[PDB]
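Order of writing sets the chain letters: A, B, C, D, E, F, G, H, I, J, K, L, M and N. Residues in each chain are counted from 1.
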Amino acid sequence: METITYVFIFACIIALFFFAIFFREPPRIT
Amino acid sequence: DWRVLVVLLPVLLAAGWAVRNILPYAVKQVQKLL
Amino acid sequence: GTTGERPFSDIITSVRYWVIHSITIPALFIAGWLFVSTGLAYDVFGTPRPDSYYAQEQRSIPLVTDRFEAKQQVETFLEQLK
Amino acid sequence: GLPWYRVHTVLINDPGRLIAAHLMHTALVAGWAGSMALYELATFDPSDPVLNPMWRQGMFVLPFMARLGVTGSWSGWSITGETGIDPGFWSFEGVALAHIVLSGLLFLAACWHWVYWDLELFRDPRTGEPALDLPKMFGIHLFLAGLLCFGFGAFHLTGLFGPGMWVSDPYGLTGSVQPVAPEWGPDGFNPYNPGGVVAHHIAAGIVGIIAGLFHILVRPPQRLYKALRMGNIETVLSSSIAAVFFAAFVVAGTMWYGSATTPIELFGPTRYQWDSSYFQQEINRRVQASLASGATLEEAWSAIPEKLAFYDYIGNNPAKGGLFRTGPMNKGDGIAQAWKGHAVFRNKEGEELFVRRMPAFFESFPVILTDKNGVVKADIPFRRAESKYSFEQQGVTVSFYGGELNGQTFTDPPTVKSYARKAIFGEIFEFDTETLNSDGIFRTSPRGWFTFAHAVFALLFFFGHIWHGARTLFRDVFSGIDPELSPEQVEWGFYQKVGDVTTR
Amino acid sequence: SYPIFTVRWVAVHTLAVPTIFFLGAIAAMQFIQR
Amino acid sequence: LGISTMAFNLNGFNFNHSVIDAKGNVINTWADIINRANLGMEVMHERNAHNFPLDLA
Amino acid sequence: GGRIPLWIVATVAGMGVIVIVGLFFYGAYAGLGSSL
Amino acid sequence: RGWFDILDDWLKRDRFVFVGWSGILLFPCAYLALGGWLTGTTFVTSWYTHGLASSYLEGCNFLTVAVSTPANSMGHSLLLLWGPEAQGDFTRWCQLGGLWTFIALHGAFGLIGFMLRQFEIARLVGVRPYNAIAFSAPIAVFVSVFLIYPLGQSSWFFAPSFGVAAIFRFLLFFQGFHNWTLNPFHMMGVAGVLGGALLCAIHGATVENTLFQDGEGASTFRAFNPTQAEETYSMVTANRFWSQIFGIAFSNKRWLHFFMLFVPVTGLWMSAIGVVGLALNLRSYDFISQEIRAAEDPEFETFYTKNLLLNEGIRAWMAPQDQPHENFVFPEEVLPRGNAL
Amino acid sequence: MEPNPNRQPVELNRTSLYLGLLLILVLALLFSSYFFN
Amino acid sequence: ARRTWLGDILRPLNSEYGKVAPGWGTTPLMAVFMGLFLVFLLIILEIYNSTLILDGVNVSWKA
Amino acid sequence: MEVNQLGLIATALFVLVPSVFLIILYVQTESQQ
Amino acid sequence: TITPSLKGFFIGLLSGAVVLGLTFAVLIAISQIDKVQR
Amino acid sequence: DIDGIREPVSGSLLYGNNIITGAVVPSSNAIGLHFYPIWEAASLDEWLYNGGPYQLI
Amino acid sequence: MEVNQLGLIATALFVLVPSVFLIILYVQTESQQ
């Protein structure tokens, strides 16, 4: 149960990277 | 006990000289303050 | 801006400062040398001289053992070096 | 929109709902105490106060009810070990559900003051806007505190109208709840004198009432009112938080060092009792008194109570746990069930050897036997190629006196070594490691967990004092500095006084 | 024109006077034979 | 650069037994205590990888 | 207020400190604290 | 118009070194803590408390000089000069470690004075007191390490000693006895330090490489005057650079500079909590599942067990002299050693 | 009952969600080994 | 705003918001108690620390 | 390995509870104007 | 009776007041001499 | 086996480690500074035993 | 009693997961208009 718990958290942090980059809030100028 | 006299001495004449050269410029400062 | 005190640039480049401090700085330096040369530094703070660490046949540290009679315990240690 | 860390700021100008929220935190804290007590009752073994007391089972709120006179249960037992006593309603179960149904009523009180928040009482008559006269409220709330402080010490601790408090002998053996008379002399400031605890809730009760009457009838000076921002409620949070962590550091300091308010039969022994061999000297003193009176060695150690010998065991040392070694002490070494007696080590030449005890610093300590003078005479060596003091080489034996092994002697090196390893912990006890599935790793007592909890809470609240303290005085620039700040103010030497345009 | 004895004067001489004194004492220690 | 130079075994300052009394007794300093903790790590690391009294690599 | 140049005192005070610290590094090889 | 407001005016005079009401506590306490350390490391010994030399007069260099903590028998005594231990003798006061409490306590109120100095000056010039709030981390670090930790153990003896080499011994003591590297509160503290060093270098370098050409000199330092209203470096160019190189990038200057406050300040606070736990020996020393497995499987080995063997070596070899009051005597045959070495 | 004028709306933009999700996911990965122990 | 029965009885207590005593008021008297309070705290601290040892007091478990 | 039994639910709730707190606040912000 | 430690308590107490007495005593005198023109 | 003395060291989660203790173990001391790609081992099983992945990473 | 070891986390997630799904929908609805 431990090994599944560590890799599951690791996978969420990697999935969090994909959204924080390609689905960020666009910075716009004015 | 003589060792304190030898250690402390240089400070008296060093201050005594540093004083001796500043009174004409040290008393001019307090007379202006009042 | 400025604060009102004389700048350090013209003080240390004036003669009056150096006539005063060419005797004051050297006198304190020798006042410090004579603090150790006279052996008085050893006796003010109670620091062991190179020959006052152990006795002639002793190899155990004079470590303080009691809180409220440490003042007396070291006075026994320094007396057993005669 | 409000950020998440400012969502509760909608109560600053709303006293009624600030009341409703404060009623909710009170109902939560009260509700926790009842459920924490009910939970400890359903997991407590009251069948052995000598070797399996409350501080060996991880009881947290149970000693605090015992400290103030609640010692019995409706089921028929008491923490003292007595049986067949009626505690009435104020038993552990009565105290628990009292906090529980107090929680429910505070919950309903919060609902009312939330819906009916717009009361005339919270409105300032002259302006009509919400206001709270903080200076007079302090004098009112301080007056009530002095009354309850006086009454608590006057009637409860003394025993006129109450049970008293927990008191015990210097070795935590015959503890009980007794009335205590106040100590008015200088010894009343001894933290180990219970009479000083009584003389304080009496004396401080008197002064609190006097100060309350002052802080009610005497308005604050305007130089103190404006300097401390007494019109802003946040200055009370800044000062109250300051006074709260000041008390938190002391209740953590007295828990670790020990005092009359932290008994050993409730929170367990202290770390400093093992350092100074506090319990070992008393045990040896009774042995020498018994041997001097003509008793044999077996009868001298048999006279030692097992409760006195259990305190001389490093497993009860609160400084031997771990941050994540979770659970009671019985999860560690096991449930203590029997003292097997005092072991005495001798070589082949007759001399008695003494095992060097493990200091609290070491997770593991070697096994070294010395005589009565400090010189090494036996050990369990690491490398064997050049060993000189092994048990086999010196013929070291072990003999027990008292306990269950009273009058036995072992000689074969394997078993003699096994008793020497336990001897670095102090007296040797038999444990039950199968009931709780113990792992054999030491854990700390409620005394250790209390100190760790409140020392950290004290340090964190110091930041709360500084943050909410800066908010009180830098209220004006909390949203930024003046966008039209004249550079002459911060220019050096432009004004004679920093930030004072009156002094060019 | 300018003053001579100010608070800046005291702050300087509180650290300058003992420092030169210590630089002389430590200097004499370099010749202490055992 | 500190790790890159100590790779070629130019180690930190060695003040072991550097203070000594008028007779010849070693007056320990805080550097001699550091040498004690260092000896504890050195004699334990890789407890079977060595066959000879010096660990030169 | 400047009868002696600043670069002169900068070098004199610079040469002055070079010697005093060098006296300290020299003392590491002689007398006490020299392991010999 | 009274004497109080007259004294208030003099303290807040815009001079070369600002005094202020906080200076009455800051200047004398900061001058004695430092001067006490300089007096100790130059002249004072630690022979009767630790068995060590620790001054320049005895032959120590800048690295080995230290003001050692008092002996272990002194307990948590304040060791006042007029106290019941020294009984007024200044010589015996230095010989038992009075200067250590003289430096720790005067230095503690000195830190309080400096933080009050940050609150006082911030109010006079009309700024937000975020600099004072940031100084709370070095204070929580000093209190937990030098005061809360020794108060949890046996005496001031096991507190840090004010010396360069005495501090290195402090870390190795925490490795061998506490396994302080494994504690997750030191790990977060490490992340707050190395992270703040990352932000400090990456922000200053990004600013230096995204500036506007506001001058005609090859050294772009003279192209700035403090009284502008326009930004000196391009924020939108630095955002696109780091968006394509790293993935994300700052887009708000106010958030960026608050983030540089939160990361290093929070890191030190977390490491202070871990030290408060160690005062009671509440360590993160072991993983129970590992030890249950390794005890019954002589072939299971991880870097966790290898480091514990190193801890067992540090304790058994440094204890007899680092803790001389215990009178430890370990024969050669009980010392944990590997092969050959 | 007349409504309460002290009420304010709460916000949490997209960037603050990523930062918060990153904090607790890393704090979990760090502390999980000590929870299992 | 809404009036209540208990709200009308407690009205005089929450009625002097913003009132102050002129000038420094009782501040000199407060500072005297503050000094007496620290000296008190200093005594009980030095007694607990065994710095101040009185005749009759015995800061130990054998008290 | 013989790990703690409550460690699983300790990690699971340690992740879940503060996660949904931020998610609720975000979705209610984008549904505004 | 007055124990030796109680005697030192009074010595440090007065020593704390003389340095605080002498501390202030000079700053009020200096502040009176060197006021601020308004 | 990092130290090359036929004493393997567990480093992966599936072999009894957590995030704190897990590690990719350096290559064997029997290799030293020798280049050790996958195609220099007679198989993957030999490659994993001698710390092959450490060099590739 | 010797219950299922995962019945605790199975029940905890049986409640938590669909509960916060409905909470997320309700809070974002009230925040509209």
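Convention: contacts are C-beta pairs under 8 Å (C-beta built on N, C-alpha and C of every residue); 3 or more make two chains touch, one makes a residue touch a chain.
Colleague: Keeping to the contact definition above, tell me which chains border both chain I and chain K.
Modeller: Both chain I and chain K are touched by A, D, H, going by the contact rule given at the top.
Colleague: Most central chain by CA mean?
Modeller: It is chain H that sits nearest the middle.
Colleague: Comparing centres built from CA atoms, which chain ends up most distant from chain C?
Modeller: Measuring from the centre of chain C, the most distant chain centre belongs to N.
Colleague: How many angstrom between the C-alpha centroids of chain D and chain A?
Modeller: Here the centre of chain D sits 43 Å away from the centre of chain A.
Colleague: Could you state the distance in Å from the CA-based centre of chain L to that of chain N?
Modeller: 66
Colleague: From the mean C-alpha coordinate of chain J to that of chain N, what's the distance rounded to whole Å?
Modeller: 50
Colleague: For chain E versus chain L, what separation do you get between their C-alpha means, in angstrom?
Modeller: Centres of chain E and chain L (C-alpha means) sit 27 Å apart.
Colleague: What positions in chain M touch 2 or more of the other chains?
Modeller: Chain M, residues with two or more chain partners: 7, 16, 18-21.
Colleague: Could you list which residues of chain D touch at least two other chains?
Modeller: 1, 4, 116, 118, 323-324, 326, 492-494, 496-497, 503
Colleague: Among the residues of chain H, which are close enough to touch at least two other chains?
Modeller: Those would be 9, 13-16, 43, 51, 57-61, 75, 77, 80, 83-84, 87, 284, 287-290, 292-293, 306, 312, 315-316, 335-337.
Colleague: Spell out the part of chain A that touches chain M in their complex, as residue ranges.
Modeller: For chain A paired with chain M, touching residues are 2-3, 6-7.
Colleague: Can you tell me which positions in chain K touch chain N when the two form their complex?
Modeller: The touching residues are 5, 8-9, 12-13, 16, 20, 23-24, 27-32.
Colleague: In their shared complex, at which residues does chain K touch chain D?
Modeller: Touching chain D from chain K are residues 4, 25, 29, 32.
Colleague: Please output the residues of chain H touching chain J within their complex, sorted ascending.
Modeller: Touching chain J: residues 75-78, 80, 83-84 of chain H.
Colleague: Provide the residue numbers of chain A that touch chain K in the complex, in ascending order.
Modeller: It is residues 1-2, 5, 9 of chain A that touch chain K.
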